[PDB]
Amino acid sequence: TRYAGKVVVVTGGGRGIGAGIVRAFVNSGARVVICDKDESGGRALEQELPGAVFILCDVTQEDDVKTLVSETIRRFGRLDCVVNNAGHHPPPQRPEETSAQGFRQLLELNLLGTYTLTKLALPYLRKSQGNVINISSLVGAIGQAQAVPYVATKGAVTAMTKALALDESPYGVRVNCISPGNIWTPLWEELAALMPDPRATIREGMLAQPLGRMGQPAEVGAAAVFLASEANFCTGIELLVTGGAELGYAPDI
């Protein structure tokens, strides 16, 4: 009952972290709108979860997002929390192999899609004293190899979260982000499968954490439910869900 009576939109909710966040909110008593550009996972999740419904929406398309918000309000009468989870990590790319074109496309998804939904949702979040949760990335803070565009987009999300928290504080709307590290999801599996030795890549990904494993969508979901339902004095925070990966680390020429 921690979030009973509330209405939550989760973008990219059809699989991976997003689906874990959907499940955590349904388990907390909320009604959840699953937004995804892909019908397969999200439609099945609606059938599985009473309290969740699926709305096809590509967050890079402004009119899709307008309809997502208007349909959420039409169907459920309020909006309490937006979780901006839709995002992508390209395959590893050396800096000279990236392009401004690809960088712009990744900004459209990872940054501007979050911006667009948040902007359209904020009038309703102000009415409900609701909150925004952005899914950023640990590597926005610490960097990652072979990922210049991705890292830039996530540094932008974390910073934007802090700016918006300042602007929306007088109106009672909290704005926070979660920065996951290595979470075992279909994206992780897909990227590993591109590598010469996928099993070795996966093993390395597990050992990057002091805890010796990758994280689960459910663990990101629990962090999101905490931020929405019990973190009433938290705004503009970056909540790390990383298993400790950021901890620790002639001869001098």
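The first residue of the shown sequence is 1; numbering continues from there.
Compare the other PDB entries of this protein and indicate whether residue 250 is left unmodelled in at least a third of them. In at least a third of the comparable entries (those modelling both sides of it), residue 250 has no coordinates.
Which has the higher mean CA temperature factor in the PDB entry, 76-84 or 89-97? Going by the record's values, the stretch with the higher mean is 89-97.
Between 108-116 and 164-172, which has the larger average Cα B-factor in the PDB entry? According to the entry, 164-172 carries the higher average C-alpha B-factor.
Using the temperature factors in the entry, find which of 220, 35, 32, 208 has the highest value at its Cα atom. It is 208.
Quick one: classify residue 247 as lowest, middle or highest third of the chain based on its Cα B-factor. Residue 247: CA B-factor falls in the middle third of its chain.
Going by what the PDB entry lists, where does residue 69 fall on CA B-factor within its chain: lowest, middle or highest third? Tercile = middle for this residue's CA B-factor.
Looking at the C-alpha B-factor of residue 145, is it in the lowest, middle or highest third of its chain? Ranked within chain, residue 145 CA B lands in the highest tercile.
Third of chain Cα B-factors occupied by residue 123: Its C-alpha B-factor belongs to the middle third of this chain's values.
Of the three thirds of its chain by CA temperature factor, lowest, middle or highest, which one includes residue 228? Within its chain, residue 228 is a lowest-third residue by C-alpha B-factor, going by the deposited values.
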